[PDB]
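Submitted below is the structure of interest, expressed as structure tokens.
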Amino acid sequence: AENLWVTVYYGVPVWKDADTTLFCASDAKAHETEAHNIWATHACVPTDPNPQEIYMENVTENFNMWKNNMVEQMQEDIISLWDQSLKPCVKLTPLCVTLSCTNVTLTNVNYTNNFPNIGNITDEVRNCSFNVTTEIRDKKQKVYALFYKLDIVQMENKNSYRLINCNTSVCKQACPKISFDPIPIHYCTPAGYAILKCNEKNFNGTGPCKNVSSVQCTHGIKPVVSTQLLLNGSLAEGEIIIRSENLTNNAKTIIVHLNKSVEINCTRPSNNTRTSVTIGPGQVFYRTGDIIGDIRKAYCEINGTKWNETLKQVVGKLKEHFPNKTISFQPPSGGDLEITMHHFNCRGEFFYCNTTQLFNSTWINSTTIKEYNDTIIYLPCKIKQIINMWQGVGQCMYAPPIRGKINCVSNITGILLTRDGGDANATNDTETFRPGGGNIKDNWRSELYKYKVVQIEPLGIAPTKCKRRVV
Amino acid sequence: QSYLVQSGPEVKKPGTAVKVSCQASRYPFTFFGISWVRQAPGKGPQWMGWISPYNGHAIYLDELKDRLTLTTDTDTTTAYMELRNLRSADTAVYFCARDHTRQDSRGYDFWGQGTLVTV
Amino acid sequence: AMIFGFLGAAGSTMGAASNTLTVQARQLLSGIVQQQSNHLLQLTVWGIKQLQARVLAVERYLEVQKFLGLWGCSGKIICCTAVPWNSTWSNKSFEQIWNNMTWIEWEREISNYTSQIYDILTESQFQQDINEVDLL
Amino acid sequence: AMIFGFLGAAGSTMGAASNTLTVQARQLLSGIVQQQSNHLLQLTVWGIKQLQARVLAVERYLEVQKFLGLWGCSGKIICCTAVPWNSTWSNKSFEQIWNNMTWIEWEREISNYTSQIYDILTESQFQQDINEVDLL
Amino acid sequence: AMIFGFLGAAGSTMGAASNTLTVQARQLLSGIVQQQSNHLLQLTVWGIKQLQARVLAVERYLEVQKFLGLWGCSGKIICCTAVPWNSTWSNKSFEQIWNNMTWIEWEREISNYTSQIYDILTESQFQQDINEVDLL
Amino acid sequence: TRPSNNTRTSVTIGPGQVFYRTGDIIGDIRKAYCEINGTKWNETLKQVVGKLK
């Protein structure tokens, strides 16, 4: 009608998709330990004591993981924090010298101290001697250290070795006061932005979400790093979810998200001694002087029955996406040591566990129920000190040994699989999935899959019958 | 978008109970209210009740207050109407009508084909 | 009738959503980004992100306040204007807007004419001031 | 009667301190921090402390200005509202406030109800705009 | 009569330049500096130079807005005041200003009394609020 | 133009440090040179002296 005039409404509930800067927020209780954690440093503002989560009722929003800019932002921040925490630490250039290594010799009895009989570290370490510089540059001293065979590569003149990194890059020694413990990080937004949260229990990555809610900061996200299994994550609400950018494309990694946690219990039974030498002015190098007492390979304990159950529900969901085919699991077919073995961290010691007993089975038709009694699965693990976790992007690190025995207990929350292609043989009613794949980004798509950053647009223009009163 | 379909005709002996279901599809079921009207042959439509498929709130007519109850189902998006103590004069064509808008409709947008019941 | 949270009335029609304008307006500049933040601490990885977050929050607030000043609506939640509605931006009647549409659907419908409407609102306010100087 | 400096009337009662409001209001955003500042010169130790002083001086100004807009008091030194005084925040009479109390003493007395009062003030301005749209 | 661009009417007299105020006013805070900017990307040579520009663009807008608020002219393009013109700042008649001078020439003429005029305008708005509290 | 034909070869001078050097110059070997049209420069040098005068 003629009686309609333009009216300006301030505070309108409207948003649009946007990309912005997210800052950190961490709980104060985990703070004030003076441990100088790498990730959630002192710079994080205190979290909100009373977070607000608002349910938006008649709202359908389009969510799309695999295209979420919060995942790329988190990766940029995680790498950036890693590099700066190592900047003040000590360079290990003097250790790129010729090493003359021999078999290790130890003095103890320690008759296996436990049930497992995986083996002993002897034949897994070498006793190497070399020349370094004292605090005075024109004086040389001969020292010795115990190195894992993974950290030293032979060059020539048998019984003469060198560190692996000495032809790729220089490696810094992690500062002793730095802590690797992942503590939760809350990603927040500037005022004038918001985060949309999808509350659907059974929601794959993409598509409309009919149960959106509004929040201001994400939940506590741990920067835990792993390769084949997601650890210490958040369980699914409804049931197991299989999320893949395209299940038809075999180049895309499949993410499995468990609704029931499975315990993994890893320990390093050996007893290493930390000793320090001076390699230069103000530079001190921490080495494993000796390993006296218990000597046994590192291992992880998995309850056999739980894994078989968890591996049985998962194949149930797989058969839905692959109807008329049998599902089998196989160990990784090759690649770097981070891909072929389960890599994680525990008190600063970096593990590489085999995990071949977990992923070697075939589920033909479930014709009959097969019952077996409880067993414990022992997974041999290897330790490494020269660490390159960012695929040769970040700064290489050397991890000083940790005194004493090491034990860690963590949850298993998901699996990163990789289906393999084929034309004729692979179509003979069989599908093999192998653990591992993707990159570290997929370790955080599993936490940030339910979030979406939007920009608020509080200015509304509407027709009403109110006319401005002219003077 | 949107279309309401009722069930087939029924021939029920007097005194029995009859339930007629109107199925809604191709539109957001919970956004628009549902109304029921009956149109006896050679007569005009009569208003019976209005049911909100969002919060279940219902409105009835006094004469049908103690005889008629309306229920709504969300998962399959179907509206049910049950009537008991079927008098001989209840024979009429029954319609399910969708509201014109989401609030203060003042009109019915879409109807059903009708369900003639004989009593 | 119950009070809503931030964006709690995003899915309700305009007639019911416009009763919660102060909920969204009260959160535009104020947040936990302005805390005390518990090796230059202000140059760390997360010292820079907090800084530019503080500047982001201000610009978003001033981006709306810039228009309110031009249109003469400073200090108003709902501000009436002297610009007649043009039945080319939209010709929906009262019931087809305030009882059948959400603010998100509507702002998408007239999305092509928001820039045109903004210019008209500024020009209208300018004429009122011109017509006042040479009237008193 | 003489003009005071910045905060020169902090010790005087309200009745006399309210005659110097423009002295404090005039120094809220302008200072020597916005000068030209006489090895990136803006990454030095004091290149950063000046940058974060400029952003700080802006948020402090916008924090007060945000509330003035919501309450409909934009562009006013002393603004009257339509919110009746509730005799639970304070039941002192005229002489017991404007002739016996300083602004610092009083703002501490009602410190428990400022947040409640702020929300009431915002809601009151909202009702005025609602009552005006459906009146013209 | 044709529309001008930014500063297109800098050479015209006041009577003609005053009809193009919204052209300059519309460009005071909005610019391409607030884009997404296509080794921390925000610490590079031009990452810093962009951040400083964003803060500068906000201070310049708020510097003018501070004065509009103190004088009671918030949300107006042309604002009338109650301060009589003093024939010591300039004693030129109507035609000698609005038909013979440009805004640049004039602002240089009264440049010695701009600071004095600003203070008076703030003091005048203060009296209006004082005279209104003790009148209602 | 640089008519020569240089070969880029790399040696390792330290851990992670690689030095690119000219291993050899095989094939064409001639001094680098620049070509200017003589007539154009005469004109451009002739107008310039006109303004200088």
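Note that the chains are named A, B, C, D, E and F in the order they appear, and that numbering of residues resets to 1 at the start of each chain.
By definition in this document, a residue touches a chain if its C-beta (ideal position, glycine included) is under 8 Å from a C-beta of that chain, and two chains touch if they have at least 3 such contacts.
Once CA atoms are averaged chain by chain and compared with the all-protein CA average, the nearest chain turns out to be C.
Between chain C and chain D, the superposing rotation on Cα atoms measures out at 120°, rounded to the nearest 5. Of all chains, the one whose Cα centroid sits at the greatest distance from that of chain F is B. Counted by C-beta pairs in contact, the busier of A-C and A-D is A-C. Residue numbering shows that chain D and chain E use the same positions for less than half of their mutual interface.
Centroids of chain A and chain D (each the mean of its C-alpha atoms) stand 49 Å apart. Distance between chain centres (mean CA atoms), chain B to chain C: 43 Å.
Chain centres here are Cα averages; for chain A and chain B they lie 57 Å apart. With each centre defined as the average position of its C-alpha atoms, the distance from chain B to chain F rounds to 91 Å. Among all residues of chain F, none touch two or more other chains.
Contact with two or more other chains is made by residues 21-22, 25-26, 28-30, 45, 52, 54-55, 58, 61-62, 68, 71, 73-80, 132 of chain C.
Residues of chain B found to touch two or more other chains are absent. The touching residues of chain D, when paired with chain E in their complex, are 18-19, 21-22, 25-26, 28-30, 34, 40, 42-43, 51, 54-55, 58, 61-62, 65, 68, 74-80. Note for the complex: chain A touches chain C at residues 2, 4-15, 20-25, 28, 31, 41-46, 48, 52, 54-59, 77, 80-81, 84, 88, 188-194, 214, 216, 455-464, 466-468, 470-471. Note for the complex: chain A touches chain F at residues 93, 96, 165-170. Only residues 13, 15-16, 95-96, 99-100 of chain C touch chain B when the two sit together in their complex. Contacts from chain C toward chain E in the complex involve residues 45, 48, 52, 55, 58-59, 62-63, 66, 68-75, 122-123, 125-126, 129-130, 132-133, 136.
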